[PDB]
């Protein structure tokens, strides 16, 4: 029958398309980024778009504008909360009202950065009490880009403000679904995946990631002096390391290559001058105020786990495009060598 014949042909045309897509799929490598919040996952993805993708046009940059406003509000809300938590007093009486104004901002509905809010932000930021709180950020959770944005508040508040590439690299992009960023490099499609935004039960989706090509685990080197009071004063690095161990021991990641990025090496250089590693890891036998000894120690500690599996480790600064260019060139070679 003519209609039957045409349905057969349609099916075979679909089979052709699925074969073609299958050929392409075999030229895709999935790189699953893992690591605790603020470790550098989203920044790394943005660097891949700068280095190997379409980058950020002026129109792209405009799409991030309200998110920069939102980062300022979130950062100041965190400090306002910490003034209460840590019982630090504000110097300036108006700052009770300024803090209340900022505390009540609905961050998700922010689309503008109007003058009374900018003024409140700046007046809070210069309050010596808020500066004390900022100096004690080791004791709570504050974005590592808070100071950056608050320092540049005037630029950000100026009529016509257009985010810089640095602004884009540092801004929090809110999502509670999966992040996938694919890019082409040497006839391979790298599919970068980040599940860090998801807030649901991992047990119900971790098997979506059986046998990914590579796991890229990020740890913030600069968290060495922070503890989890609720977890019997577990060092934050120890918690990151425990998560890492769960990952490298997971039965369906045994075929995955494991890349470890010890990130925020710049912030370690800053912090090590005044916050001593031996106070948090007394086994540390290197000199004080020495970033190189600190990061070497942290690397060794991180991979001291109890498999003949190689862990491919790199120190990084994910906000430094040149650094990520250099490190990812070596990583790409590891991944391609293993998979071809």
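Positions refer to the first chain, counted from 1.
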Taking the deposited Cα B-factors and averaging over 233-241 and over 141-149, the higher mean is found in 233-241
Taking only the CA atoms, which stretch has the higher mean B-factor in the record, 260-268 or 208-216?
208-216
From 310, 67, 32, 51, pick the one with the largest CA B-factor in the entry?
310
Please work out which residue in 185, 195, 72, 169 has the highest C-alpha B-factor recorded for this crystal structure.
185
Among the modelled residues of this chain, does the Cα B factor of residue 253 put it in the lowest, middle or highest third?
highest
Chain-relative C-alpha B factor for residue 222 (record values, thirds): the lowest
For residue 113, the third of its chain into which the C-alpha B factor falls
middle
So where's residue 191 on the chain's Cα temperature factor ranking, which third?
lowest
Would you check the entry's CA temperature factor for residue 132 and let me know if it's in the chain's lowest, middle or highest third?
highest
